[PDB]
Amino acid sequence: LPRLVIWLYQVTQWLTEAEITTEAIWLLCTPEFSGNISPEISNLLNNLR
Amino acid sequence: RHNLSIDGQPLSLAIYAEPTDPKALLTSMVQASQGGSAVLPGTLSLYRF
């Protein structure tokens, strides 16, 4: 439990120092993904083939 | 009865719960799926390569 508390303090302080929002850090690291072929990916494939 | 002084001055300091700060509004670029050109059968030239 103290390890979790100190981990939460370090991360939140880092995010404020680096000016990274909670949503931004989630988008950078989460494994959850939409599963849909986005237009960015579709354009990448069409120019790549 | 209404918690006032003899002069009518109130005896309890009130509160209002200050409005919640300014608001941040952002804009984003949007992309859509884009296709490419097609190829037709070619003509036979009269000249060499």
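Along each chain, numbering proceeds from 1 in written sequence order. Entry numbering may differ, and residues lacking coordinates are not shown. All chains are assigned letters beginning with A, and all ligands numbers beginning with 1, in the order in which they are written. Note that these chains sit within a larger assembly, yet all values were taken from the shown part only. Values shown for side chains rest on all heavy atoms present in the structure; no hydrogens or waters enter the calculation.

Chemist: What's the story with the interface of chain B and chain A in this structure? I'm lost.
Modeler: Note: interface size is frequently given as the accessible area lost on complex formation between the parts. It only takes one pair of heavy atoms within 4.5 Å for two residues to be counted as in contact. Each side of the interface is counted separately: chain B has four residues, and chain A has four residues. Once two parts are brought into contact, the accessible area they lose, counted with a 1.4 Å probe and summed over both, makes up the buried area. Here chain B and chain A share an interface that buries about 380 Å² over both sides, 34% of which is from carbon and sulfur atoms. The largest share of the area that chain B buries against chain A comes from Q31(B), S33(B) and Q34(B), three residues that together contribute 86% of it. For this analysis, a salt bridge means a side-chain nitrogen from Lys or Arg found within 4 Å of a carboxyl oxygen belonging to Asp or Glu. At the boundary of chain B and chain A, one finds zero salt bridges.

Chemist: Quick question: what am I supposed to make of helix α1 (residues 2-18) of chain A here?
Modeler: Residues separated by three or four positions in an α-helix point in the same direction, a consequence of the helix having 3.6 residues per turn. All names here are of chain A. Secondary structure elements are defined from DSSP: runs of H or I of at least 4 residues count as helices, runs of E of at least 2 residues count as strands, and each element is numbered from the N terminus. Any helix carries an expected span of 1.5 Å times its number of residues minus one. The terminal C-alpha atoms of α1, which comprises 17 residues, lie 24 Å apart, in line with the 24 Å expected from a rise of 1.5 Å per residue. A simple rule labels every residue: compare its accessible area, found with a 1.4 Å probe on the protein chains alone, to the largest value its type can have, and call it buried under 20%, exposed over 50%, or partly exposed in between. Among the 17 residues of α1, one are classified as buried, and the element is accordingly described as predominantly exposed. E19 sits one or two positions beyond α1 and adopts a positive phi of about 55°.

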